[PDB]
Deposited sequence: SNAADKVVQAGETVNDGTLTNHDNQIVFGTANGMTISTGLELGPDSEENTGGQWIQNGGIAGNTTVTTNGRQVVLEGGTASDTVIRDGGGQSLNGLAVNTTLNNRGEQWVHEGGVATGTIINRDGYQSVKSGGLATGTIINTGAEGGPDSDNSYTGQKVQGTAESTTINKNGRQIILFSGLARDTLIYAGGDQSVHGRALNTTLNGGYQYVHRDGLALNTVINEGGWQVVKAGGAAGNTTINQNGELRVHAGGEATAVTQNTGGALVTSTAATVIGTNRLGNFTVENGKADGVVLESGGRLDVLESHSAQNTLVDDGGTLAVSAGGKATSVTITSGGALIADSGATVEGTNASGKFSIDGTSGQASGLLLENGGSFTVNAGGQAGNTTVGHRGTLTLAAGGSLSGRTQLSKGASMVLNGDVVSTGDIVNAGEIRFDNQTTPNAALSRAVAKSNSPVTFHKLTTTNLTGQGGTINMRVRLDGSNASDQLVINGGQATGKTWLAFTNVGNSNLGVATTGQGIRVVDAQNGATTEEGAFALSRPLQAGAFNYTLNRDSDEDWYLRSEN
């Protein structure tokens, strides 16, 4: 048991085999490799280096099993804690570096400045301690879904001037404060206490139940997530940043700049000012919201929205029972709703309305992930489905006027449908749900575009079916059949065949109107699509 007394500099050496070194003067260049054999969580340990009040340790290396205890008024310079060593800090530590399960506990009254947490190292600031000028490079390599709180920085006290690099993680517990942080892309900070003055230069900030975040700026690639029961105030959403406010979250004094994404629901609280004026999402009522660049507003059941602008890259999602009036969707805006929602506004091509009370819609335009669902007994008129838009019809839906499908458009049919107007398909219609449906239209105009249909080639003469009611089938439209019966079994067709397009009440079809997209064989037969004199089209057997 060496005792370095005051003004007696010890200037190299090691420490082993549960031996203590009591420092009252100066002890440079030590190797502490004893005292922590039993693990950080036991008062059963003997050995290590103990810097007393007024003592100094410079360029110590605490390696596996080594324990360095700095008491009140001691100091530890340029310390390397690695490979499962630890430092218990009640005084001053300057320029510590933590590698591979090296730990630093800064207990009440302790102060650590310049700690670099390098990989699988850990700095725990117990309540009443202070960490200043920390660099965190680890803790967050498992992604936003990693629940790792065992490496990185955990604060129960206070952390000032922290830089969080890729893979770095800061957890602020209930009692904790983190003031002035810069969080780069790949790194994150989890806030359960107080985070104040945070710069997300592509970094992530999670604000959980009972966490307060004040003065966060979200630059490009950054993310502020306010969970239920968390609260953020005075956030600035710069271009290509997003603020996420969950049901039960507080977002007050939000500055949504141009290019800023806002993702929230009427079940949260978001007050602020965007590039068009003031906005409020409060108590189930949103007024003035501007969804762009990945922003989403969900108007849940029995809430309301007015003066919403859905711009290119934004999404308005109105649940059934929600209302949203004076909507303006610019070309490239997405609208998700069904015939039980109530929406009014204007889109890229004029006025539109969904009246959830009667279940009739008129003039929709579904682009870029927009979607509408016509529920049972509903009716959508003059629909325009664009690239990446979807129109789904529940069993018992109706169409009215001209249903136009642009290239890249989807229309899914989950049961029998009647259009009392014109379907114009340049995209893809698809009979899905194993029951077979009938799509009745007055006129079909094919502009390319497959209708994906289903067939049983197993002795049934059973299939999906198109019906031209009184009108005409023109253009060119591809038919894609899938055999849903017993495969490798093919039965012969009987007489005229499986009727797939039925012309009725005087309907005519043109002669190159329909065409098999790919061959249809089952078992020993090739199934061929043939138009006859009755204007109807049939599936028949080959050789």
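**Q** Quick one: where does the model skip the deposited sequence?
**A** Coordinates drop out over 1 to 4, 438 to 455.
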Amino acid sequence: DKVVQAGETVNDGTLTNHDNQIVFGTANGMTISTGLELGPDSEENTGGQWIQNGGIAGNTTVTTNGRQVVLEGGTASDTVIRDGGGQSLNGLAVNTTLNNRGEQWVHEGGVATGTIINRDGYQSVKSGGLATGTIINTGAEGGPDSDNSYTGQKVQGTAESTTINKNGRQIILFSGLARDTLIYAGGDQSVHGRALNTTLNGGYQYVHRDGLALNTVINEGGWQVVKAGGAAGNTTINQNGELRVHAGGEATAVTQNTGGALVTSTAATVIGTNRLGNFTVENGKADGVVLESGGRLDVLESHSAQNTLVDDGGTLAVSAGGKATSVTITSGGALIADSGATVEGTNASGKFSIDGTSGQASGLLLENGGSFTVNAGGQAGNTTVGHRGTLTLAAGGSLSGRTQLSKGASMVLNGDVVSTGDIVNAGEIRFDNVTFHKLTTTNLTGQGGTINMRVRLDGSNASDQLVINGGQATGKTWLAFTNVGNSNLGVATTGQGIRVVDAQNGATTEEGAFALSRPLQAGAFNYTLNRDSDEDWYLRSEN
From here on, numbers count along this sequence of modelled residues.
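**Q** Comparing 474 to 482 with 46 to 54, which has the greater mean CA B-factor as deposited?
**A** The deposited B-factors put 46 to 54 ahead on the C-alpha mean.
**Q** Would you tell me which stretch averages the higher CA B-factor in the PDB entry, 438 to 446 or 70 to 78?
**A** Averaging CA B-factors over each stretch, the winner is 70 to 78.
**Q** Go through 459, 381, 176, 152 one by one and give the residue whose Cα B-factor in the PDB entry is largest.
**A** By C-alpha B-factor in the record, 459 ranks first.
**Q** Out of 346, 410, 146, 373, which residue has the highest Cα temperature factor in the PDB record?
**A** Top of the list by C-alpha B-factor: 146.
**Q** What third of the chain does residue 312 rank in for C-alpha temperature factor, lowest, middle or highest?
**A** Answer is highest: the recorded C-alpha B-factor places it there.
**Q** Could you say whether, by C-alpha temperature factor, residue 515 belongs to the lowest, middle or highest third of its chain?
**A** It belongs to the lowest third of the chain when residues are ordered by C-alpha B-factor.
**Q** Split into thirds by Cα B-factor across the chain's modelled residues, where does residue 433 land: lowest, middle or highest?
**A** Highest third, going by the recorded CA B-factors of the chain.
**Q** When the deposited Cα B-factors of this chain's modelled residues are ordered and cut into thirds, is residue 207 in the lowest, the middle or the highest one?
**A** Within its chain, residue 207 is a lowest-third residue by C-alpha B-factor, going by the deposited values.
**Q** Against its chain's modelled residues, does residue 98's Cα B factor rank lowest, middle or highest third?
**A** Answer is highest: the recorded C-alpha B-factor places it there.
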